[PDB]
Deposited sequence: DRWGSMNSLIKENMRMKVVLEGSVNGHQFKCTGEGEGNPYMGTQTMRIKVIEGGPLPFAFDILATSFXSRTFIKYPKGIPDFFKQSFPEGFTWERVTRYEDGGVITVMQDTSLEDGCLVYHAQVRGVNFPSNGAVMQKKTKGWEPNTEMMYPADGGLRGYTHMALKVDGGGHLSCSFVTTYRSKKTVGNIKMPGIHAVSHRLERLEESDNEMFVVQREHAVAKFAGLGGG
């Protein structure tokens, strides 16, 4: 079901500080190598009056490299797929809630994300488009009643060389209820998300991600 080269398509829509928009993306990657690239268009509501960086982490968990010794929750969830629900809090008060469905349709991964952001300061780096991409990070993953909870502290680079911190907790839930998933233990996922291309107003973006699971040291228990 999950081949060495897999394509994905995504619809992402919602609002940030009351501004409605819709984006569509399509890409491909190597799910067992933890690599993927996506080409994204803002098709409604552009140009967005906020940094695209705040959406970039909402566009793919099937594409994580898992070593022997750590079961891959996401790959095992197919054909039914899985969902994820996330609340992201930024240090300047911005809050983004995202609900995402992941499905496998005609051999393609198909994502739908609904996003609602509020409370971003009007003259902050996000709403003034003064961001410069995400620093690499490590997400902790914990088993929780047959799903996973992911916990992340991320740093968004800003003009002036500072960072805006954010944290989030993601609930990952499998839609497979025929067949069982072999649950992992506590582990960590290292991510690096890079912007490859962008147009002037960010209405076209290409981004690539590398994600590799690892054991979590003392925090692994």
- line: Residues of the deposited chain that carry no C-alpha coordinates are 1-8, 68
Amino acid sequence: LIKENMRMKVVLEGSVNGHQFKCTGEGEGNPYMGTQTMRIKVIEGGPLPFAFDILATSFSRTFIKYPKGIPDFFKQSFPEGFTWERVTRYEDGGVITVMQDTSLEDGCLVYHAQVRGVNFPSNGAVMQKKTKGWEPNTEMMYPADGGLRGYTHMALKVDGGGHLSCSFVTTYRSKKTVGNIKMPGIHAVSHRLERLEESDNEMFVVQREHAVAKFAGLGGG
From here on, numbers count along this sequence of modelled residues.
- line: Looking only at C-alpha temperature factors in the entry, 132-140 or 111-119, the higher average sits in 132-140
- request: Determine, for stretches 168-176 and 188-196, which one has the higher mean CA B-factor as deposited.
  value: 188-196
- prompt: With respect to the C-alpha temperature factors reported in the PDB entry, which of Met38, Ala155, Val42, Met33 ranks highest?
  reply: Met33
- line: Of the three thirds of the chain ranked by Cα temperature factor, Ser60 occupies the middle
Assigned third (lowest, middle, highest) for the C-alpha B factor of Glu105: middle
message: Which third, lowest, middle or highest, does the C-alpha temperature factor of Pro71 belong to within its own chain?
response: middle
field: Entry-reported Cα temperature factor of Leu148, expressed as the chain third it lands in
entry: lowest
- prompt: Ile181: which third of its chain by C-alpha temperature factor?
  reply: highest
